[PDB]
């Protein structure tokens, strides 16, 4: 793609759920207009009538989502129930965020684009059409992805990774490969955000109807088949929508949304649903189970001279750790989730946020219901950070190479004092301390935001993403896989939306 404004042509078929029919009928119903939901609804609309339902509002109502400068603002903003960012604290005690807006998480993310690790396709066991996967990537890339310009700090970090030994230089590539590279960005060179909601423009306007502020409460069932959905609007009125012959309901509500909805619909572990007075429709002990979040571990350096704020574009990739940095302006209001707690020091000037990601992870928790009736009340979530010791070992290696990174001649001009050690840097929060690095990771863990699981392929779904037992029901979002496709997963899930959509249209033909 090239540099342009955010395309809002799709708004002609966007309605508030208050202005939709009491009893609707469509060929396909997609729940959650997010990273996978938006391309899925658009792909299916090329031949059949599609309803896309979204609990959040349209992005124009919150303009700071549409720029690179306003990334922190959305996290800084108070969660009133209507805002595009929803705040939650996991049972682990770590602050986190999720999207509540048309376009989904792509509207509020750091904008880093990357294609999946090629080994991911083979290790899943699913028989992927590799040629179609690549064409789908190109389809996403020609719409919302650009080659980023040179950024002073990002180029410093890129030069630092190579000096630290993360080899080789891959140059500009979208592929998740070992070494250092400039990757793709969904922020354009003009600073305009380009997200999943723009892929709705690529679907047929006569077939697709998008309903914002549509709080999907329950999936309806009748051999067991999914017949439709119940969703409530701004006014509180219940609506019903149903699928036609050979049509399907697909759940794209996310890692948190999808398992919560499935459990509310009576699809989950038997004894658990019975303990909540929910009529069990389909027993499956894996709904809400196996929920993962990759650990973020970080250091903040405060350079003596001001540095230009930048979007994350240059990645340092190894098998056991994924590394990147983001330079930011200072703030008096803390951006929620960026740091694990609100009890955290505020930056006095422009700072560099330098992070490392643990692959997997092998540590897992669950999504469980807090309310047995209301979908608007957020479910309980636990990740069990570093419950597995291999994840802690992978952090140790990552902190060591971040240590190596600070020792580079590339990052040398950003030291406050001209001293041999890395204490020459000024730090916001906790600096780098073999047993000493274990404690640093356990105490100063943040969420990388790349959480996945809850409705796994091979546990809840088959190899074609259909929920086991139930006919005419599928799940396409981040809840589907137990491990990461790459360091930054949006690119995979944007592709996955169209991919499954194209597979469904193949079946019908």
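Residue numbers count along the first chain shown, from 1.
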Unresolved deposited positions lying between residue 345 and residue 346 come to none
What lies unmodelled of the deposited sequence between residue 222 and residue 223 amounts to 4 to 9
Looking only at C-alpha temperature factors in the entry, 365 to 373 or 292 to 300, the higher average sits in 365 to 373
Assert higher mean C-alpha B factor (436 to 444 or 31 to 39, deposited values) equals 436 to 444
When the entry's CA B-factors for 226, 261, 116, 97 are compared, the highest one belongs to 226
For residue 501, the third of its chain by CA B-factor is the middle
Split the chain's modelled residues into thirds by Cα B-factor; residue 452 lands in the lowest
In terms of its chain's C-alpha B-factors, the third that includes residue 17 is the highest
Sorting the chain's modelled residues by C-alpha B-factor and splitting them into thirds places residue 202 in the highest
Binned into thirds over the chain's modelled residues, the C-alpha B-factor of residue 471 lands in the highest
